[PDB]
Every structure is written in structure tokens, then in C-alpha cells.
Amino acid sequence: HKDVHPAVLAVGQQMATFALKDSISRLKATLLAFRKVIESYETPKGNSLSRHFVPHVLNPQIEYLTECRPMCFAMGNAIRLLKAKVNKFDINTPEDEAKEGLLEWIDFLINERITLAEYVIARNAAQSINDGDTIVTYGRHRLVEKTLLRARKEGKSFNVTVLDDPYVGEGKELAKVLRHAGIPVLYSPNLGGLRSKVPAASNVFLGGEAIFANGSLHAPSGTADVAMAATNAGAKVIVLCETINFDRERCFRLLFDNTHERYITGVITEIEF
């Protein structure tokens, strides 16, 4: 409880419960809870939001969320942007007008960095897919799934190989969905016989949790083995990721590995121009 807004409390519990797993879902839930925090916010008498809000109201929510789980880059980036937005306000700024500005700024951020970003990445990545292609992917990543569904809806006929982590198994669900969409899928529960699974002609599409300043991809463990195997075969390795997941400024950890940029052919983001 404490200073924590109930909306934030519920979202953090979802993060710690592991009900919310990916960085993008975590970010959206956070932005919406923060949206409610701002709605609820009332400036103390003789004070301004520009001076009071960040240290007394916003920061306790962030501290609570950090306690539930270490924050992803997406959350870190959004928070830095929001705090800069608050700083554009002055003591003379009226509260209703400040609150409305923050609310439209959050809505704008969700749309541009999450909602529209997913559509644009899937559409632009699907452009890379052509008739007769063989696509390789690992586990189930939402951007990869959206891309494959988009190419199929565009009328393209292609093959998909889905590789998995034997301990997680989410890829089986992806294979299910793709098959339902009419896509022929080859499913492997593990990374056994990896060189066989990734030929030179195939294209590998991967998604992750973050991209570091050095260009490496933070992604579920076993992603790196797939990218390394493909890079050695001469196969293209395409990583799909929202810009908000980039580190622009520079337990849970164990189930991630690092894919060095050397094993990544290119990254597709929502940025078009």
C-alpha cells in the first residue's frame, strides 16, 4: 500500500507474479496505471505539480514496480520521457491543463511506441517474406507471430520452422496458431541438430526483450545459439524490435542470453523514415 496507487499495485503484482512477462506488455500496463495516477493526482495547497508530482507521487510508484521486478529498458525509457514532460511545466502552469497534457502525452506514447509500432514492424517485416521462403524462428515472440500472420494474409505461401526451449515450450503454441492460419510448420521442441534446421537459404526472424547500446539482443535463452548457427550458415538473421526497447542512454536474469550484433544481419523497428 503506502504511497502506491492501487492501479500500480495491481500491475506490479502482475509483474512479480510473472503474469506480465514481455517488456512491451509491461510497459503498456505501466503507462495505463500511470495514466490513472495522474487522473487521481491533486496538487497540495501552495504547491505545483512541476515541483511536487515526481518526487512525492511518481517516484514511489516506480520504486514499487522496481521492487516487484527489475525494470526493462522500455519502462526506463518511458519514465525518462515522462519526467522530461513534467519538467516542461512551471509553477504557474494550471493543474487541469498539466494533467490533460500528460494524459494526451501518454496516449500518444502508447500509440506511437506500442500500438502503431506493432503494426508497422509486422507489415514492414512481412515485406521481406516472399513466396517460397523458408522462415526459421525460436519460441514464440509476438512481433514474429504478427509478421508471419501478416505475410500469410497478404497471400504469401511459405514454410516456417519453429525451434523451442524444451523447458518453456511456448513455440508449440506458435506452431498451433500458424498452422490454423494455413502456414505449413515444422516444430522442434529443442535446439538439437541445429545446423540441420537452419540452412543458408532460410531466413531467421527473431524477437527479444531489449537491445543494448553495443547492438546486442537481450532475448530468451537459446536465441543466441539460433543466431550464431544461422550466421555461420550464411542465413539472414532479422531481429524485430520496437525503438522503445533500445538502450539509447549508455531469478529473472538467468533465462535470457545475449546475441552479439555480429550474429544479427539487421534490425527492423517502427522507424520508417
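Counting begins at 1, following the sequence as shown.
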property	result
Interresidue gap class [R250, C251; deposited sequence, unmodelled]	10 or more
Segment of higher mean CA temperature factor, 54 to 62 or 36 to 44	36 to 44
Between the two ranges 235 to 243 and 66 to 74, the one averaging a larger CA B factor in the entry	66 to 74
Highest recorded Cα temperature factor - choice among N124, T137, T115, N130	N130
Third of the chain, ranked by Cα B-factor, where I264 sits	lowest
Within-chain third of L31 by Cα B-factor, per the entry	lowest
Third of chain Cα B-factors occupied by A227	lowest
Third assignment of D3 from its chain's C-alpha B-factors	highest
Chain third (lowest, middle, highest) by recorded CA B-factor, residue given as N203	middle
